[PDB]
Amino acid sequence: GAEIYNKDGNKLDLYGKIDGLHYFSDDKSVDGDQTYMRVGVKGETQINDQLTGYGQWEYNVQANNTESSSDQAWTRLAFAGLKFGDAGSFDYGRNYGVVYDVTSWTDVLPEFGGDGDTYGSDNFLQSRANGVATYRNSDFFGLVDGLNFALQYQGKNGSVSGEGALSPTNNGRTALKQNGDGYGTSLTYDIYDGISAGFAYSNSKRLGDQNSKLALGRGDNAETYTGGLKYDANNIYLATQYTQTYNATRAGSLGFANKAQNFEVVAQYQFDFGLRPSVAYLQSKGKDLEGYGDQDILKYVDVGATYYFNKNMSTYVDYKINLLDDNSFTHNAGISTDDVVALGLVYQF
Amino acid sequence: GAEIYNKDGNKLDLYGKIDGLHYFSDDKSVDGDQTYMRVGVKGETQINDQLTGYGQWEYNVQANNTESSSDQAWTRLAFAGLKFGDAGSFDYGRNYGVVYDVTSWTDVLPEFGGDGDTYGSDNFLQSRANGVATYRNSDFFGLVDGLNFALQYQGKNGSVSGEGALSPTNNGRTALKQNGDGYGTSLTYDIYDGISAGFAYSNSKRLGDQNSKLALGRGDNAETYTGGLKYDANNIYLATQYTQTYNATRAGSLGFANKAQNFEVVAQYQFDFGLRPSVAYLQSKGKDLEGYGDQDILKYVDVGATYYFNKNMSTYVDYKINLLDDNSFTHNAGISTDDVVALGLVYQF
Amino acid sequence: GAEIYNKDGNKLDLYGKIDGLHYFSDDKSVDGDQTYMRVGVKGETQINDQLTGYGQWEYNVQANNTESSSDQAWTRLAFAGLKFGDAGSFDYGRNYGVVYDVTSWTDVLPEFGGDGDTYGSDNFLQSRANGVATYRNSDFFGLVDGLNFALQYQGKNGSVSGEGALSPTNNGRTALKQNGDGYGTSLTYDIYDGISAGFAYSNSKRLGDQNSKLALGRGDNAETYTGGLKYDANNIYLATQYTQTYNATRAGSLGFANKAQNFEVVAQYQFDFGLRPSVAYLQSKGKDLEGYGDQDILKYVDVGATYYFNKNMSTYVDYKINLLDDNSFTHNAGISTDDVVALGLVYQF
């Protein structure tokens, strides 16, 4: 979104945004200033005619807290790879999971949706994850036009290394964000004009900690079946996804859901003067939970609008109307049941 | 200011500095290497004839500690807003308080003065603060030429969220850096040529934590009345500020002063070969302290010089001559009474 | 490696890399994803005919862990200084020690070698260190053509300031990363064409903490004698270093070695299609250890290759074959005795 360097086959696109955001909620753990900013580089070098190396980095820096505070910045994306002209591409690092190739069609809300809802960050291959080799391929080895296919492999990421251990690595992490040797695949196709369909499947080994430290979720493998449909035409965005996860959807902080049925659907209209009203519904029903029965993990209706000044400046307002009923599951799992109203003005370069 | 991008009405300025700095002092909590660097972007996009969107970000990175060290970087500024041609501007994020619109006239020392002295970072609206909606207006609605006035509103920033609570928010902070819903206004005018006067007023509700956890300072509202006069002409810089704060000036680490009288005054001369000697006096007399009574919170005379090679490179040396007498107040408040000698060489892009 | 701004005597180079890296090892404290990225600026300003100011900054950002993790970024380099055209240069900040001016000729391995092996970060003047004033001089005061000489002084960097103290500073650090008032000098000369020789000497005071808290290493001064020989021509790189350190080489985590003999030797061939196989041997034999005696601190054989697509993209594989025998010294010092295999694809801008 801003190419600051272009010389001798090297281009360096420097992109990002400064989002001044504020939340209103009864939940005083999200209430207050939420002003953040993202910044990153997006460079590539040309090697020959049908070979181009590239790298990307996306850094997230929070700016709603004081300078006395700690751990206020992290790396969202960081990978490097090669482009084989048309035969596809290959990249490795911290990148989006292949399941996202479908789920991203509903991550189009003014502020909400996406991470922290039906899926989350470091949740196997459902979003951003560490050490993922992703082979993407445009137009299925040239065979089928418009058929974008992808394969992904993820390395084992266990607990913090030390005495006690149990499948440790150098990048040891919290119990809910671990993952074993996993793989995944995505597949998107434009069936008609403006209409697209997609499918994604992921399977990762689970570690001992995810069957021990937390109470919810027991099983050897974590699987995700994902399907999506997107209509983007006539100033209409209308998308829906659906995911059946097995030992893979987070149940707050208690563990994982042995069986989960995520479902997102969003509708937006784009005006000619720059107003984009958006209405969505997200739900995630968890089945066969250890202890509890069949419970709702997430359920809310979104409504809001985004006013676009131009390709760089915008402002937005969002309303999460939480439909979750307070029961014994949300009390100990720590799942919020309160409505939230977001209000933001973001500059974007 | 090194403008690295300018294309199609969008500009991206990239500014900052790398200050290699060293302190000499009896206070062994500031003596030693102090090498820091700041870096940030200053971009803007043009929307229409009388509307321009902009954003700013300023990042501070310390470089005096080892690679093992923690919490060595923070965000000084990060906001986004709109400039209405002549009718003014409106911005939201982490920005400078309106009181700084005046007191900054004495934050012109080779290294000392300004933040961390009479006021500090996140000290209500006296300096940098989180979540401030600032409506500035150049030339008083076109009515009065040269009268720059500003209005500011600040959202509630409480304690860490959890059990116990007491007015919490998501950006919860230490008791001395909290603030409730506050407002403020500034007013600066160049009466003659080179002579300027200024006024600033801030009023924020104080939170329960600031009347409980720390001992000094009790009250419901925190107010700051500030006035300043600056003469900048004929190679003469001569400025003075003065602030009466009520439940707003930090008394080191003990709390706030129920009544405080901050006063800074600085005089500098600019030579033709790039040498700028500077002499200042900063004091902060605290009145009505719980226990201690009437004590001095800060009191020192500054003397030093800055040699400017050009508009980008410079070097400086400073001498803080602390006039504070050692008593029980400085012992419990953690207020330093020792002289400091700064010595720096700064590259600036 | 990418000059984004160059106008009116000011140039602003923007360099760095995005290294997607993965380790395989029995030692499950280094195994797993290691994807890191470095990014920094390399600017300079022109002052007059024989005076040019410059500044440099190098930031290391880890991206192998989750966003929940802490302390994943640090500053490798950050300094500012003046270039006297040809008469030399002077810079201060966090910069490379003068001993590296020699040892860097063997830190040319595909991934391993350098920091964390025979020397380390913040290990007196053997690598990067805080608060170093470095006066370099190109072509020895005009006397001798081609003779690069350097002098460096380092300020005292002790423990964290507080009650108890014992030589404290504001940038207080871990016991093994401390350093007193030190100095050093390096001297490199190209004797033949492609053949170079170099010598370096450093002497720093040790603090009370390094003779008290840890058991190994006793003495008042820490000294390093370093010598190096480099042959770089005819697609042949062949270099060797040798260092006798006294109270200066780390003996893992037990303290310092009263006598250490570091020795590195590397041989590489550069093909015409971009393959650079490299074979090296690094060892560090420690003599006169408190309690143990004569032990091996480091000893392994390196073998690997770096395939260069071009000057920006590359991929590599490395093999650290550890020759260390398991004994009580490696048991208490925490020194790894396991083989490691690195595998990386790095974009470089």
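Using ideal geometry, Cβ is built from the backbone for each residue, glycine included, and neighbour counts are taken over all protein chains shown. Taken together, the values in this text are just the output of simple stated rules run on the coordinates, not laboratory data.
Numbers at a glance
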| quantity | calculated |
| --- | --- |
| Teacher prompt: C:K287 distances to equivalent labels in other copies, 7 Å Cα→Cβ, nm | 7.4, 7.4 |
| Qualifying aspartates and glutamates (Cα of each under 15 Å from Cα of B:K320; at least 8 residues distant if same chain) | B:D26, B:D27, B:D31, B:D107, B:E111, B:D115, B:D117, B:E264, B:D302, B:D338, B:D339 |
| Summed side-chain charge close to A:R250 - residues other than A:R250 whose Cβ falls under 12 Å, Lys, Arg +1, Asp, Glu -1 | -2 |
| At q = 0.12, 0.16, 0.25, 0.27 Å⁻¹, base-10 log of I(q)/I(0) for the range B:77-148 (Debye sum, equal scatterers on each alpha carbon) | -0.38, -0.65, -1.07, -1.12 |
| Environment charge of A:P110, counting only residues whose C-beta is closer than 9 Å and scoring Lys/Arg +1, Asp/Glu -1 | -2 |
| Subset of A:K230/A:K285; A:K311/C:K83; A:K230/B:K11; B:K42/B:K230 violating a 32 Å alpha-carbon distance limit | A:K311/C:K83; A:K230/B:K11 |
| Estimated 222 nm signal from helices in the protein assembly as shown, with DSSP H stretches of n ≥ 4 weighted -39500 (n - 2.57), rounded to 500 | -500 deg cm²/dmol |
| Candidates B:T249, B:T45, B:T66, ranked by Gaussian network fluctuation over chain B, Cα under 10 Å, top entry | B:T66 |
| Proximal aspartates and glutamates to C:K205, defined as alpha-carbon separation beneath 17 angstrom and excluding residues fewer than eight positions away on the same chain | B:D33, C:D122, C:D181, C:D220, C:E223 |
| For the range C:279-349: span of alpha carbons on each principal axis (Å, largest first) | 51, 20, 18 |
| Other copies of C:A267: label-to-label distances in nm, shortest first, labels 7 Å along the beta-carbon direction | 7.4, 7.5 |
| Residues A:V144, B:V30, sorted so that the one with the fewest Cβ neighbours within 10 Å comes first | A:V144, B:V30 |
| Amide H partners (placed H, <5 Å) of A:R128, local residues excluded | A:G97, A:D122 |
| Computed over chain B: relative contact order in percent, which uses C-alpha pairs under 8 Å that are six or more apart | 13 percent |
| Least to most buried among C:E58, B:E163 (fewest other Cβ within 10 Å first) | B:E163, C:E58 |
| Rel. contact order, % - alpha carbon contacts under 8 angstrom, at least six apart, the range A:186-294 | 20 percent |
| Order of B:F141, B:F256 under a 10 Å beta carbon neighbour criterion, fewest first | B:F141, B:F256 |
| Taking N as its residue count, the alpha carbon Rg of chain B over 2.2 N^0.38 Å | 1.01 |
| Phi to ³J(HN,Hα) by Karplus 6.51 cos²θ - 1.76 cosθ + 1.60 over the range B:213-225, Hz, x for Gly, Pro | 5, 9, 7, 7, x, 9, x, 8, 10, 10, 10, 9, 10 |
| Rotation relating A and C, chain C residue nearest the axis via C-beta, angstrom | C:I4, 3 |
| Shielding of C:1-9 by partner chains, average beta-carbon count, 10 Å | 4 |
| Largest to smallest principal axis extent of the C-alpha atoms in the protein assembly as shown, angstrom | 77, 75, 55 |
| Highest-fluctuation residue, C:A165, C:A239, C:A133 considered, GNM on chain C with Cα pairs under 10 Å | C:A165 |
| Integer Hz, Karplus 6.51/-1.76/1.60 couplings in order for the range B:45-50, x for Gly and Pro | 10, 8, 9, 9, 5, 10 |
| Residue of C:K311, C:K230, C:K320 that the Gaussian network model of chain C assigns the largest fluctuation, springs spanning Cα pairs under 10 Å | C:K311 |
| Surrounding net charge for A:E223, when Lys and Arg each add one and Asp and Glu each subtract one, Cβ distance under 13 Å | +2 |
| The range B:15-77: relative contact order in percent, alpha carbon pairs under 8 Å with at least 6 residues between | 27 percent |
| Vicinal HN-Hα couplings computed from phi for the range A:51-63 (Karplus, 6.51 cos²θ - 1.76 cosθ + 1.60; Hz; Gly/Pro x) | 8, 9, x, 8, x, 9, 8, 10, 10, 10, 10, 7, 9 |
| Other-copy label distances relative to B:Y153, 7 angstrom Cα-Cβ extension, nm | 5.6, 5.7 |
| P(r) tail fraction, the range C:234-307 - alpha-carbon pairs more than 18 Å apart, % | 49 percent |
